[PDB]
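A.B. asks: Got a structure here, written out as structure tokens. Questions coming.
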Amino acid sequence: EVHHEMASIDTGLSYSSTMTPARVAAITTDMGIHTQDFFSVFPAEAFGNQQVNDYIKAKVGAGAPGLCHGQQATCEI
Amino acid sequence: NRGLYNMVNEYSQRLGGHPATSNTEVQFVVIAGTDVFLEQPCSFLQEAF
Amino acid sequence: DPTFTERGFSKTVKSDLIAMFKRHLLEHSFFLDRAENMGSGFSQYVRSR
Amino acid sequence: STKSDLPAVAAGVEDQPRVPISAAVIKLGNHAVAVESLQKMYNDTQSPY
């Protein structure tokens, strides 16, 4: 293993460097519709009945193999 | 709530606000990314477009 | 373009690449043909291409 | 005095010999500025620019 150590100081008080986003190269996240579920967020809570709770979970709440748009954006309500 | 220049210095010097990760399907939350370059302006102003 | 493939190939990046394939196929095809329609773009467009 | 102290400030920086350097330059207002891109070395090493 070859090691090497360096030192840096900023001389002047006021800011001496500025960046700026100039060109949008790509849009990673798709702006579409992907609701974030709670049943993966809050697994511990449940209703009174097992029947009503199972019915609710099966009707609505229910790894994606493939995606054409990109990293999906979680929409929260 | 702190001073303005402290906010601006921390803005570039440090990450924070628990930003979500990139190049992953479900948009996980990241703590120690290896080489990720994050810059979030909506955090400082607390505003959504 | 090295900026797209800097992170290797993953599902999000492959999807972005294929979306850009579709876009660029639909836009910049038969370039010298639209080189007549653009008009004043005569030389700088073809030179850039 | 500033003129009397300028040799003390530059601790051998003016002594070193100078060599021509290749870089693009532009004139903005009155300032001459050097503009360049380092993406070749980072593309050669498969590291994120």
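Residues are named by chain letter and number: chains run A, B, ... in the order of the structure tokens, numbers start at 1 in each chain, and ligands are numbered from 1 in the order shown.
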Determine, counting only C-alpha atoms, which protein, DNA and RNA residues have an atom within 12 Å of an atom of region 23-27 of chain B; residues of the same chain fewer than 5 positions away are not included. Present the result as number ranges by chain.
C.D. replies: A: 27-30, 34-37, 40, 63-75; B: 33, 36; C: 4-16
A.B. asks: Can you write just those residues out, N, CA and C atoms, as an mmCIF file, in the first residue's frame?
C.D. replies:
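Output (part13.cif):
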data_model
loop_
_atom_site.group_PDB
_atom_site.id
_atom_site.type_symbol
_atom_site.label_atom_id
_atom_site.label_comp_id
_atom_site.auth_asym_id
_atom_site.auth_seq_id
_atom_site.Cartn_x
_atom_site.Cartn_y
_atom_site.Cartn_z
ATOM 1 N N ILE A 27 -32.780 12.972 -17.195
ATOM 2 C CA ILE A 27 -33.709 12.962 -16.074
ATOM 3 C C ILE A 27 -33.809 11.528 -15.589
ATOM 4 N N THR A 28 -33.228 11.252 -14.426
ATOM 5 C CA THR A 28 -33.187 9.883 -13.933
ATOM 6 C C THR A 28 -34.560 9.422 -13.475
ATOM 7 N N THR A 29 -35.163 10.153 -12.547
ATOM 8 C CA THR A 29 -36.427 9.729 -11.964
ATOM 9 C C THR A 29 -37.575 9.976 -12.929
ATOM 10 N N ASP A 30 -38.457 8.995 -13.068
ATOM 11 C CA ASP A 30 -39.687 9.236 -13.800
ATOM 12 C C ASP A 30 -40.668 9.983 -12.912
ATOM 13 N N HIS A 34 -46.599 6.413 -8.753
ATOM 14 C CA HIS A 34 -46.247 5.205 -8.014
ATOM 15 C C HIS A 34 -46.495 5.485 -6.537
ATOM 16 N N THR A 35 -47.689 5.151 -6.063
ATOM 17 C CA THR A 35 -48.033 5.430 -4.679
ATOM 18 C C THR A 35 -47.181 4.585 -3.753
ATOM 19 N N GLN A 36 -46.620 5.216 -2.733
ATOM 20 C CA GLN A 36 -45.923 4.466 -1.702
ATOM 21 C C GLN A 36 -46.941 3.862 -0.755
ATOM 22 N N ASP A 37 -46.906 2.547 -0.611
ATOM 23 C CA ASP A 37 -47.834 1.895 0.292
ATOM 24 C C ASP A 37 -47.392 2.099 1.735
ATOM 25 N N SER A 40 -46.043 -1.879 3.687
ATOM 26 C CA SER A 40 -44.627 -2.176 3.815
ATOM 27 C C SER A 40 -43.931 -1.220 4.771
ATOM 28 N N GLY A 63 -40.074 -7.289 -5.941
ATOM 29 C CA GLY A 63 -39.144 -6.657 -6.860
ATOM 30 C C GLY A 63 -39.633 -6.641 -8.294
ATOM 31 N N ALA A 64 -39.775 -5.446 -8.860
ATOM 32 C CA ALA A 64 -40.269 -5.334 -10.221
ATOM 33 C C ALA A 64 -39.246 -5.918 -11.190
ATOM 34 N N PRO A 65 -39.672 -6.773 -12.117
ATOM 35 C CA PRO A 65 -38.715 -7.405 -13.030
ATOM 36 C C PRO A 65 -38.078 -6.412 -13.983
ATOM 37 N N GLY A 66 -38.894 -5.565 -14.598
ATOM 38 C CA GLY A 66 -38.401 -4.625 -15.581
ATOM 39 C C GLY A 66 -39.133 -3.299 -15.555
ATOM 40 N N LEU A 67 -38.424 -2.225 -15.887
ATOM 41 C CA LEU A 67 -38.980 -0.885 -15.849
ATOM 42 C C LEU A 67 -38.484 -0.119 -17.061
ATOM 43 N N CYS A 68 -39.404 0.499 -17.798
ATOM 44 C CA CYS A 68 -39.022 1.239 -18.991
ATOM 45 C C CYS A 68 -38.715 2.703 -18.711
ATOM 46 N N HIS A 69 -39.209 3.262 -17.610
ATOM 47 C CA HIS A 69 -39.026 4.690 -17.397
ATOM 48 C C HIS A 69 -37.803 5.025 -16.546
ATOM 49 N N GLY A 70 -37.650 4.402 -15.391
ATOM 50 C CA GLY A 70 -36.459 4.609 -14.593
ATOM 51 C C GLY A 70 -36.768 4.492 -13.117
ATOM 52 N N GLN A 71 -35.870 5.045 -12.307
ATOM 53 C CA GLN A 71 -36.046 5.006 -10.864
ATOM 54 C C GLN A 71 -37.356 5.675 -10.493
ATOM 55 N N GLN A 72 -38.276 4.888 -9.947
ATOM 56 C CA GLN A 72 -39.631 5.359 -9.721
ATOM 57 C C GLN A 72 -39.695 6.267 -8.505
ATOM 58 N N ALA A 73 -40.486 7.324 -8.616
ATOM 59 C CA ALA A 73 -40.610 8.319 -7.565
ATOM 60 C C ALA A 73 -41.764 7.938 -6.657
ATOM 61 N N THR A 74 -41.486 7.828 -5.364
ATOM 62 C CA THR A 74 -42.541 7.527 -4.410
ATOM 63 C C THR A 74 -43.430 8.744 -4.230
ATOM 64 N N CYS A 75 -44.716 8.576 -4.494
ATOM 65 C CA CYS A 75 -45.698 9.632 -4.310
ATOM 66 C C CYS A 75 -46.349 9.406 -2.956
ATOM 67 N N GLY B 33 -23.309 7.135 0.962
ATOM 68 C CA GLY B 33 -23.087 6.751 -0.419
ATOM 69 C C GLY B 33 -21.606 6.752 -0.748
ATOM 70 N N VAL B 36 -21.596 9.517 -4.543
ATOM 71 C CA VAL B 36 -22.827 10.132 -5.016
ATOM 72 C C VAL B 36 -22.686 11.629 -4.828
ATOM 73 N N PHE C 4 -23.478 8.680 -19.048
ATOM 74 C CA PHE C 4 -24.575 7.769 -18.735
ATOM 75 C C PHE C 4 -24.064 6.465 -18.146
ATOM 76 N N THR C 5 -22.952 5.957 -18.665
ATOM 77 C CA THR C 5 -22.445 4.652 -18.281
ATOM 78 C C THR C 5 -21.325 4.740 -17.253
ATOM 79 N N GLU C 6 -21.248 5.845 -16.513
ATOM 80 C CA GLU C 6 -20.228 5.961 -15.480
ATOM 81 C C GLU C 6 -20.524 5.055 -14.293
ATOM 82 N N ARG C 7 -21.796 4.738 -14.057
ATOM 83 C CA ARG C 7 -22.216 3.919 -12.930
ATOM 84 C C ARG C 7 -22.410 2.460 -13.310
ATOM 85 N N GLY C 8 -21.807 2.017 -14.402
ATOM 86 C CA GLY C 8 -22.063 0.675 -14.873
ATOM 87 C C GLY C 8 -23.420 0.616 -15.546
ATOM 88 N N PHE C 9 -23.906 -0.601 -15.748
ATOM 89 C CA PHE C 9 -25.215 -0.813 -16.345
ATOM 90 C C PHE C 9 -26.144 -1.409 -15.301
ATOM 91 N N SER C 10 -27.191 -0.668 -14.956
ATOM 92 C CA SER C 10 -28.217 -1.134 -14.042
ATOM 93 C C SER C 10 -29.572 -0.868 -14.674
ATOM 94 N N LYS C 11 -30.625 -1.368 -14.023
ATOM 95 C CA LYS C 11 -31.948 -1.337 -14.637
ATOM 96 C C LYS C 11 -32.393 0.083 -14.947
ATOM 97 N N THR C 12 -32.210 1.006 -14.007
ATOM 98 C CA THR C 12 -32.582 2.386 -14.278
ATOM 99 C C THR C 12 -31.771 2.955 -15.434
ATOM 100 N N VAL C 13 -30.468 2.675 -15.466
ATOM 101 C CA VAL C 13 -29.635 3.243 -16.516
ATOM 102 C C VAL C 13 -29.934 2.584 -17.854
ATOM 103 N N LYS C 14 -30.197 1.275 -17.860
ATOM 104 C CA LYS C 14 -30.589 0.637 -19.110
ATOM 105 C C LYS C 14 -31.905 1.197 -19.630
ATOM 106 N N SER C 15 -32.844 1.501 -18.733
ATOM 107 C CA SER C 15 -34.105 2.083 -19.172
ATOM 108 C C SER C 15 -33.904 3.485 -19.721
ATOM 109 N N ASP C 16 -33.057 4.274 -19.073
ATOM 110 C CA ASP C 16 -32.774 5.593 -19.611
ATOM 111 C C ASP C 16 -32.121 5.487 -20.983
#
A.B. asks: Taking the DSSP assignment computed from this structure's backbone, write out as an MDAnalysis selection string all residues of chain A that belong to helix (DSSP H, G or I).
C.D. replies: chainID A and resid 50:61
A.B. asks: Grab the residues selected above and save them as a PDB file, in the first residue's frame with N, CA and C atoms.
C.D. replies:
ATOM      1  N   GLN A  50     -59.494 -10.398  11.641  1.00  0.00           N
ATOM      2  CA  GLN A  50     -58.640 -10.914  10.579  1.00  0.00           C
ATOM      3  C   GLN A  50     -59.375 -10.951   9.253  1.00  0.00           C
ATOM      4  N   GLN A  51     -60.693 -11.137   9.281  1.00  0.00           N
ATOM      5  CA  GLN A  51     -61.451 -11.200   8.038  1.00  0.00           C
ATOM      6  C   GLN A  51     -61.443  -9.857   7.321  1.00  0.00           C
ATOM      7  N   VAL A  52     -61.825  -8.790   8.026  1.00  0.00           N
ATOM      8  CA  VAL A  52     -61.859  -7.468   7.409  1.00  0.00           C
ATOM      9  C   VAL A  52     -60.461  -7.036   6.995  1.00  0.00           C
ATOM     10  N   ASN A  53     -59.464  -7.323   7.829  1.00  0.00           N
ATOM     11  CA  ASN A  53     -58.105  -6.919   7.500  1.00  0.00           C
ATOM     12  C   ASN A  53     -57.590  -7.655   6.272  1.00  0.00           C
ATOM     13  N   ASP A  54     -57.840  -8.964   6.189  1.00  0.00           N
ATOM     14  CA  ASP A  54     -57.425  -9.721   5.014  1.00  0.00           C
ATOM     15  C   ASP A  54     -58.123  -9.215   3.766  1.00  0.00           C
ATOM     16  N   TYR A  55     -59.420  -8.921   3.872  1.00  0.00           N
ATOM     17  CA  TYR A  55     -60.158  -8.410   2.723  1.00  0.00           C
ATOM     18  C   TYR A  55     -59.563  -7.098   2.244  1.00  0.00           C
ATOM     19  N   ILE A  56     -59.284  -6.190   3.179  1.00  0.00           N
ATOM     20  CA  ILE A  56     -58.709  -4.901   2.818  1.00  0.00           C
ATOM     21  C   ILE A  56     -57.350  -5.086   2.163  1.00  0.00           C
ATOM     22  N   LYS A  57     -56.508  -5.941   2.740  1.00  0.00           N
ATOM     23  CA  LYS A  57     -55.164  -6.114   2.204  1.00  0.00           C
ATOM     24  C   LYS A  57     -55.206  -6.730   0.817  1.00  0.00           C
ATOM     25  N   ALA A  58     -56.147  -7.637   0.580  1.00  0.00           N
ATOM     26  CA  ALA A  58     -56.201  -8.304  -0.712  1.00  0.00           C
ATOM     27  C   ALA A  58     -56.779  -7.404  -1.789  1.00  0.00           C
ATOM     28  N   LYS A  59     -57.796  -6.610  -1.451  1.00  0.00           N
ATOM     29  CA  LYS A  59     -58.422  -5.751  -2.451  1.00  0.00           C
ATOM     30  C   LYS A  59     -57.441  -4.716  -2.981  1.00  0.00           C
ATOM     31  N   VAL A  60     -56.778  -3.994  -2.082  1.00  0.00           N
ATOM     32  CA  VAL A  60     -55.950  -2.866  -2.488  1.00  0.00           C
ATOM     33  C   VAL A  60     -54.463  -3.158  -2.358  1.00  0.00           C
ATOM     34  N   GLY A  61     -54.004  -3.357  -1.122  1.00  0.00           N
ATOM     35  CA  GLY A  61     -52.582  -3.256  -0.842  1.00  0.00           C
ATOM     36  C   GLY A  61     -51.733  -4.277  -1.565  1.00  0.00           C
TER      37      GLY A  61
END
A.B. asks: Find the residues around region 10-25 of chain D up to 9 Å (only C-alpha atoms counted), leave out those fewer than 5 positions away in its own chain, and share them as an MDAnalysis selection string.
C.D. replies: chainID D and resid 32:36
A.B. asks: Produce a file of the selected residues containing C-alpha atoms, as a short mmCIF file (atom, residue, chain, number, x, y, z; two decimals), in the first residue's frame.
C.D. replies:
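Resulting contents of part.cif:
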data_model
loop_
_atom_site.label_atom_id
_atom_site.label_comp_id
_atom_site.auth_asym_id
_atom_site.auth_seq_id
_atom_site.Cartn_x
_atom_site.Cartn_y
_atom_site.Cartn_z
CA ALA D 32 -8.46 36.70 -19.04
CA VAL D 33 -9.71 33.29 -17.93
CA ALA D 34 -8.63 29.71 -18.61
CA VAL D 35 -11.38 27.20 -19.44
CA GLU D 36 -10.92 23.45 -19.71
#
A.B. asks: Looking at only C-alpha atoms, which of B:12, B:1, B:18, B:34 is the one that sits closest to chain C?
C.D. replies: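 Checking each of B:12, B:1, B:18, B:34 against chain C, counting only C-alpha atoms, the winner is B:34.
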A.B. asks: For region 15-26 of chain A, please output as a ChimeraX atom specification all residues within 10 Å (counting only C-alpha atoms; exclusion window: fewer than 4 positions along the same chain).
C.D. replies: /A:10-11 /B:9 /C:3-4,16-17,20
A.B. asks: Residues as selected, C-alpha atoms, written as an mmCIF file, in the first residue's frame, can you do that?
C.D. replies:
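Output file out-v6.cif is given in full below:
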data_model
loop_
_atom_site.group_PDB
_atom_site.id
_atom_site.type_symbol
_atom_site.label_atom_id
_atom_site.label_comp_id
_atom_site.auth_asym_id
_atom_site.auth_seq_id
_atom_site.Cartn_x
_atom_site.Cartn_y
_atom_site.Cartn_z
ATOM 1 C CA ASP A 10 -8.143 28.715 1.955
ATOM 2 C CA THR A 11 -6.284 32.012 1.922
ATOM 3 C CA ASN B 9 -21.241 26.594 4.099
ATOM 4 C CA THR C 3 -21.684 10.234 -18.426
ATOM 5 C CA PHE C 4 -24.575 7.769 -18.735
ATOM 6 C CA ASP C 16 -32.774 5.593 -19.611
ATOM 7 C CA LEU C 17 -30.538 4.363 -22.429
ATOM 8 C CA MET C 20 -32.890 7.849 -25.385
#
A.B. asks: Give me, as a ChimeraX atom specification, the contact residues of chain D against chain C at a cut-off of 9 Å, counting only C-alpha atoms.
C.D. replies: /D:43,46-49
A.B. asks: Counting only C-alpha atoms, which of B:14, B:42, B:22, B:35 gets nearest to chain D?
C.D. replies: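 Closest to chain D, using only C-alpha atoms: B:35.
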